[PDB]
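Coordinates in review
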Amino acid sequence: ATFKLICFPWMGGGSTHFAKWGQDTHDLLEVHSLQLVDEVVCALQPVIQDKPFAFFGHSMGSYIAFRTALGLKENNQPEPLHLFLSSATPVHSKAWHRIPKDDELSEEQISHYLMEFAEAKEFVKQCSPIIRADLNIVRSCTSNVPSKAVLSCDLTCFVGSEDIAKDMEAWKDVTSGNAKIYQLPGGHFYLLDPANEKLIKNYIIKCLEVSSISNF
Ligand SMILES: [Cl-]
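Numbering of residues starts from 1 on every chain and follows the order in which that chain's sequence is written, so it may differ from the entry's own numbering; residues lacking coordinates are left out. Side-chain descriptors were evaluated using all non-hydrogen atoms of the structure, hydrogens and water having been removed beforehand.

- The name given to the protein chain in the PDB entry is S-acyl fatty acid synthase thioesterase, medium chain, with Homo sapiens as the source organism.
- Per the header of the deposited record, the title is "Crystal structure of human thioesterase 2".
- UniProt positions are given in the numbering used here, feature names are shortened, and annotations may be inferred rather than shown by experiment. In its Subunit section, the UniProt entry covering the protein chain states "Interacts (via C-terminus) with FASN."

Printed below as a string of structure tokens:
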């Protein structure tokens, strides 16, 4: 396989949906499965080798991929060849709102995150601890982020037309590279649509191939 895509899942999907392999031999896809960044950086070493790589993330995974990239540059490692972010409101924007502390959230407020279906009320109690921990990750990946472009890799934002994520156009500030945004038909999970998935996939492959052209 030429490239290696490192995918970061959303809250709920057990890293399954991003089991996108066989295309036919372009991407070796490896998925996350939930200073935590340090634990990821040295864990991507044995699989990155010296081959080129890219990051894709959805909602929660967008913040995680971003900080993982941001944390690779800090260790003087090479950044991802491309950073693909999906359905996430950037930390520095007019629409962003800070995630409250754990001890300031009620189970009811935790239950509203789980919806991102409302029928499930009793189940929320058993999913409560997973959710609160996931929010802890996101609360950290959105805390103390620089106000200066640290990254330099190219960046594409994907977002649904009926999405709850907003103002992704502002993600361009986190890097000095080229920033593109595509608005696709769907909600917060547009990317499940086999049409949108095909669009995203093909766009990822084209991106990495063009960025891999010799510097002549
Ligand atoms: Cl999420």
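Now that the structure has been shown, the text picks up again.
Here we look at the packing of aromatic side chains
- Stacked, edge-to-face and tilted labels apply to pairs of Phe, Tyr and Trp rings (six-membered ring for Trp) whose centres lie within 6.5 Å, assigned for plane angles under 30 degrees, over 60, and everything in between, in that order. Considering all chains together, one arrives at 12 aromatic pairs under this definition.
- Measuring from centroid to centroid gives 5.5 Å for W10 and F18, while their planes differ by 90°, and the two rings are edge-to-face. Pair check on accessibility: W10 and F18 agree, each one buried.
- Note on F84 and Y203: the rings are 6.4 Å apart at their centroids and 80° apart in plane angle, and the pair reads as edge-to-face. Accessibility classification places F84 together with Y203 in one group, the buried group.
- In this scheme, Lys NZ or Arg CZ marks a charge over a ring once it lies within 6 Å of the ring centre and within 35 degrees of the ring normal. Positioned above the aromatic ring of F56, the side-chain terminus of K20 is 5.5 Å from the ring centre. Each residue's exposure class comes from its accessible area (1.4 Å probe, protein chains only) as a fraction of the maximum for that residue type: buried when under 20%, exposed when over 50%, partly exposed otherwise.

Some points on helix α3 (residues 60-74)
- Between its first and last C-alpha, α3 extends 22 Å over 15 residues, near the 21 Å set by a 1.5 Å rise per residue.
- By definition, any uninterrupted DSSP run of H or I lasting at least four residues is a helix, any uninterrupted run of E lasting at least two residues is a strand, and each is numbered from the N terminus. Counting buried residues along α3, 13 of its 15 residues qualify, which places the element largely inside the surrounding structure.
- Following α3 by one or two positions, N76 adopts a phi angle in the positive range, close to 60°. By this rule, a helix spans an expected 1.5 Å times one less than how many residues it contains.

Digging into the sheet that holds strand β5 (residues 154-160)
- At least two bridges found by DSSP between two strands is the condition for calling them paired. Spatial strand order, β2-β1-β3-β4-β5-β6: six strands in an open sheet with parallel pairing. Edge strands, defined here as strands with exactly one partner in the open sheet, are β2 (30-31) and β6 (179-184).
- Bridging between β5 and β6 involves six bridges; their strand directions are parallel. The residue of β6 that forms the bridge with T156 is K180.

Thoughts on the nonpolar core
- Buried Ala, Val, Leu, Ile, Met, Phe, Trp, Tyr and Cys residues form a nonpolar core when they are joined through side-chain atoms within 4.5 Å. Judged by nonpolar contacts, the single largest core of 40 residues is most densely connected at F55, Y63, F66, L83, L85 and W171.
- Of all the elements in the fold, those that place two or more residues in this core are β1 (4-8), α1 (37-41), β3 (53-58), α3, β4 (82-86), α5 (124-141) and β5.
- When residues in this core are grouped by element, the largest group, eight residues, is from α3.
- It only takes one pair of heavy atoms within 4.5 Å for two residues to be counted as in contact. Among all residues touching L85, those that are not within four sequence positions of it are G57, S62, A65, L155, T156, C157, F158, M168 and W171.
- Counting residues in each nonpolar core, the second largest holds 18 residues, with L29, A54, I200 and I204 among its members.

So, the state of the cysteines
- Only a pair of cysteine sulfur atoms within 2.5 Å qualifies as a disulfide here. Scanning all chains against the criterion turns up zero disulfides.
- The closest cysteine sulfur to the non-disulfide-bonded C7 is located on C207, 14 Å from its own sulfur.
- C153 provides the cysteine sulfur closest to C207, a residue in no disulfide bond, and the two sulfurs are 11 Å apart.
- For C207, a relative accessible area of 13% gives the class buried.

Focus: the UniProt feature "active site" in the protein chain
- Mapped onto the present numbering, the UniProt feature "active site" falls at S59 and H188.
- Note that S59 resides in the loop between β3 and α3.
- Each residue touching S59, except ones within four places of it in the same chain, is listed here: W10, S86, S87, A88, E116 and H188.
- Its place among the elements puts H188 in the loop between β6 and α6 (194-210).
- Non-local contacts of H188, meaning those with residues more than four positions away in its chain, are made with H58, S59, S87, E116, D163, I164 and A165.

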